[PDB]
Amino acid sequence: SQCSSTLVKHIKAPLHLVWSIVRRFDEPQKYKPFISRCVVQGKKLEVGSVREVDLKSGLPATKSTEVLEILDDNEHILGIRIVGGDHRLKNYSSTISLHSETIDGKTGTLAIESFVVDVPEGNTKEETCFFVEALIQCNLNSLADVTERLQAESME
Ligand SMILES: O=C(Cc1cc(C2CC2)c(-n2cc(CNC(=O)c3cnc4ccccc4n3)nn2)c(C2CC2)c1)NC1(C(=O)O)CCCCC1
């Protein structure tokens, strides 16, 4: 079986700033708190690019290997798929897109992030959804914190 879900985050920063962070397939650690390092060979932002991701020390896994499936700089879509690593996420893939919006009369960014993953042996579908959703929520919360802080720092 699989878990498939979508999470939404409202970010109080302009799209061009948020996208400049999200699009860096080679630097996920800039806002994903559980990631330490990341290396991409060749043209780092091309479809088919492979990133080797180092997780922070003290986790059950240590590394993930992930492929760039989509990078659309016009419509602000990033799609990735995990293809290796010493974790238990099999057939994980995700898409995040960003969209301009207006909340409280000010320009901001809507992030929509969807995933599909297999339910691993030994876990329930509910546990699998909860695990991935909590981590994506942590990442989207961190993306908002990072970009809203960059926004504040840029203002006079
Ligand atoms: O943010 C991250 C970083 C990231 C990436 C990874 C693994 C390399 C992929 C991990 N990890 C995972 C593990 C070991 N447990 C599993 O494998 C795993 C798989 N089924 C489960 C199903 C139910 C309950 C627990 C489960 N447990 N040890 N470390 C973490 C740790 C947990 C905080 C963070 N990853 C995502 C991203 O958006 O980049 C968001 C979350 C989904 C994957 C993509």
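We number chain A the same way Swiss-Prot does; the residues here are 25-180, in that order.
Determined by X-ray crystallography, 1.8 Å, according to the entry header.
Just so you know, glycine gets a Cβ as well, placed from its N, Cα and C.
Given the ranges 46-50, 81-85, 116-120, 176-180, the record in Swiss-Prot names 81-85 as motif 'Gate loop'. Matching Swiss-Prot disulfide entries to the candidates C27, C62 identifies the partner of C153 as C27. For the recorded sites given as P57, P84, the lowest number of other CB atoms within 10 Å of the residue's CB is seen at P84.
The closest partner of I104 (site 'Involved in ABA binding') among the recorded positions, by CA position, is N115; the full candidate set was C27, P57, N115, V156, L159. For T86 (abscisate binding site), the nearest neighbour among the recorded positions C27, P57, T148, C153, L159, judged by Cα separation, is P57.
The two recorded residues, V156 (site 'Involved in ABA binding') and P57 (site 'Involved in ABA binding'), show a Cα separation of 14 Å.
If you take the C-beta of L159 (site 'Involved in ABA binding') and look for same-chain residues 6 or more apart in sequence within under 8 angstroms, you find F58. Classification of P84 (site 'Involved in interactions with PP2Cs') by DSSP places it in coil, neither helical nor stranded.
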